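Let me begin by presenting the structure, written as structure tokens, before commenting on it.
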Amino acid sequence: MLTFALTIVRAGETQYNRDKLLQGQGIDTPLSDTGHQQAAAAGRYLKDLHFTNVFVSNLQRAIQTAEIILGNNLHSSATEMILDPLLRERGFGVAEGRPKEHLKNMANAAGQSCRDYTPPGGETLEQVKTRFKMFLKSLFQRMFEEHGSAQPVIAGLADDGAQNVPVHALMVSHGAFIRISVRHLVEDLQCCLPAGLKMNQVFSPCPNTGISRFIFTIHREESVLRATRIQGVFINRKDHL
């Protein structure tokens with residue numbers, strides 16, 4: 001109707017990951033050398049895939065990660081890299097630039113758990129979730145426009161779940177945004193899970209340039225595009241590291 005693969009990759013490391021500082025949207029700096037190497041390893045890993053569509057956070061570390069992946073790709077040089085602010089990392093407001101532990105301290109000082117707490121000038125979970133839902137609606141519209149009309153095999157390889165799926169989007173984003181996105185796919189939209197992936201495993205944090213994959217089936221429910229099936233394939237893969 002339209003079936004398409006979505007590969008999701010977290011940005012590479014900046015200078016600030018090493019120090020375990022909260023980056024969010026307000027720390028917008030380039031990849032470290034490690035970051036470059038992570039992105040290059042991810043690019044070699046995915047080099048045999050044709051990405052028909054590429055969507056990227058407009059934060060620099062995400063842009064560069066995507067550039068390096070595409071620069072390593074054997075098939076996707078004609079693909080325009082779409083910059084989408086909807087893919088930006090969760091904003092952590094005044095907490096940005098502080099070590100990650102400080103966020104815990106602020107939460108505790110406000111009598112709230114970390115899941116409940118939003119620092120001044122940051123986004124709530126609901127706000128980020130809203131950005132992913134908007135991205136998704138926009139994703140479905142763009143994918144059906146270019147590609148639409150009226151069980152995954154998991155071998156431990158770069159093309160798992162997508163060996164014979166020609167329509168393939170790449171999404172390059174950030175750790176907290178990706179975590180929230182996966183949660184929406186898994187919890188809200190109740191996507192199928194493969195091979196021993198369950199609730200417990202699916203919610204682990206994605207490492208820098210960690211790679212996840214879902215297969216979407218979509219159609220027109222009389223003028224409204226909806227997913228008739230979302231199939232998880234793999235989450236947070238880092239073999240290339």
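In what follows, residues are counted from 1 in the order of the sequence shown.
No side-chain heavy atom of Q127 sits less than 4.5 Å from a side-chain heavy atom of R90. No side-chain heavy atom of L193 sits less than 4.5 Å from a side-chain heavy atom of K198. Between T118 and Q112 the shortest side-chain heavy-atom distance does not fall below 4.5 Å. Side chains of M143 and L2 form a contact here, defined as non-hydrogen atoms less than 4.5 Å apart. Using a 4.5 Å cut-off on side-chain heavy atoms (C-beta onward), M81 and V172 make no contact. With a 4.5 Å cut-off on side-chain heavy atoms, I154 and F234 do not count as touching. Looking at heavy atoms from C-beta onward, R179 lies in side-chain contact with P205 at the 4.5 angstrom threshold. The closest side-chain heavy-atom distance from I180 to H184 is not below 4.5 Å.
In the hydrophobic cluster analysis, where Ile, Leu, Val, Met, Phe, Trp and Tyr join through side-chain heavy atoms closer than 4.5 angstrom, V128 is grouped apart from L22. By the criterion of side-chain heavy atoms lying less than 4.5 angstrom apart, applied directly or through intervening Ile, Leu, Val, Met, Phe, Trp or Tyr residues, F132 is grouped together with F140 in one hydrophobic cluster. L103 and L21 fall into different hydrophobic clusters, where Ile, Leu, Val, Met, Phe, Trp and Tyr side chains are chained together by heavy-atom contacts under 4.5 Å. Cluster annotation: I82 and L59 are assigned to distinct hydrophobic clusters (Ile/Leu/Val/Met/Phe/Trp/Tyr, side-chain heavy-atom contacts under 4.5 Å, transitive). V167 and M171 fall within the same hydrophobic cluster, where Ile, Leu, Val, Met, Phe, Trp and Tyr residues are linked whenever their side-chain heavy atoms come under 4.5 Å apart, directly or through other members.
For the atom pair CD1 of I218 and NE2 of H147, the computed distance is 10.0 Å after rounding to the nearest 0.5 Å. The line from CG of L136 to CG of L185 is 6.0 Å long, rounded to the nearest 0.5 Å. With rounding to the nearest 0.5 angstrom, the CD1 atom of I211 is 11.5 Å from the NZ atom of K238. Summarising the geometry, atom CG belonging to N108 is positioned 6.5 Å from atom SG belonging to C114; distances are rounded to the nearest 0.5 Å. A distance of 5.0 Å separates CZ in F51 from CG in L170, rounded to the nearest 0.5 Å. A distance of 10.0 Å separates CG in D188 from CD1 in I230, rounded to the nearest 0.5 Å.
Salt-bridge annotation for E123 and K129: absent, with no side-chain N of the basic residue lying under 4.0 Å from a carboxylate O of the acidic one. With respect to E101 and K104, no salt bridge is recorded, no charged nitrogen being found less than 4.0 Å from a carboxylate O.
In plain terms, the two heavy atoms of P119 and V94 that are nearest each other are CB-CG2, 4.4 Å. Smallest separation of non-hydrogen atoms from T29 and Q60: C-OE1, 3.5 Å. Closest heavy-atom contact between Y117 and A110: CE1-CB, 3.8 Å. Across all their heavy atoms, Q163 and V153 have their closest contact at NE2-O, 2.9 Å. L86 and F135 get closest at one heavy-atom pair: CD1-N, 3.8 Å. In terms of heavy atoms, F177 sits closest to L87 at CE2-CD2, 3.8 Å.
Side-chain atoms of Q38 never come within 3.5 Å of backbone atoms of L241 as a donor-acceptor pair (strictly under, hydrogens ignored). At distances below 3.5 Å, not a single donor-acceptor pair connects side-chain atoms of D159 with backbone N or O atoms of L49. In this structure a side-chain-to-backbone donor-acceptor pair under 3.5 Å is present from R131 to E89. Under the 3.5 Å distance criterion, the side-chain polar atoms of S212 are matched with a main-chain donor or acceptor of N236. Remark: the backbone N or O of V54 is not paired with any side-chain donor or acceptor of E80 at under 3.5 angstrom. When atom types are taken as modelled, the side chain of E96 and the backbone of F92 share a donor-acceptor pair closer than 3.5 angstrom. Counting only distance, with no hydrogens or angles, the side chain of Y16 and the backbone of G97 share no donor-acceptor pair below 3.5 Å. Side chain of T65 to backbone of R61: a donor-acceptor contact under 3.5 angstrom is found.
Residue-environment remark: CZ (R18) exceeds the threshold of 12 foreign heavy atoms within 6.0 Å. Other residues, nucleotides and ligands contribute over 12 non-hydrogen atoms within 6.0 Å of the CD atom of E145. Within a 6.0 Å sphere centred on NZ of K133, other residues, nucleotides and ligands contribute more than 12 heavy atoms. In this structure, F144 places its CZ atom where more than 12 heavy-atom neighbours from other residues, nucleotides or ligands lie under 6.0 Å away. Residue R220 qualifies as enclosed at atom CZ: its count of foreign heavy atoms under 6.0 Å is above 12.
With sequence neighbours excluded, no residue forms a side-chain hydrogen bond (donor to acceptor under 3.5 Å, both in side chains) with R229. With sequence neighbours left out, the side-chain contact (heavy atoms from CB on, under 4.5 Å) criterion links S77 to no other residue. Applying the side-chain contact (heavy atoms from CB on, under 4.5 Å) criterion to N17, with sequence neighbours excluded, gives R10, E13, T14, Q23, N208.
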Pair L46-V9, side chain to side chain contact (heavy atoms under 4.5 Å, CB included): steps then yes or no
CA-CA 11 Å; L46 302 164; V9 180; 4.2 Å; yes

Show your working on side chain to side chain contact (heavy atoms under 4.5 Å, CB included) between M1 and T228 and close with a plain yes or no.
CA-CA 10 Å; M1 335 195 197; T228 56; 3.6 Å; yes

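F203 carries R183 over the face of its six-membered ring, with the cationic atom under 6.0 Å from the centre and within 45° of the normal.
Applying side chain to side chain donor-acceptor pair (under 3.5 Å) to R237 and the options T209, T7, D160 leaves one that passes, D160.
The aromatic rings of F216 and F4 sit parallel, their planes meeting at an angle under 30°, below the 60° perpendicular limit.
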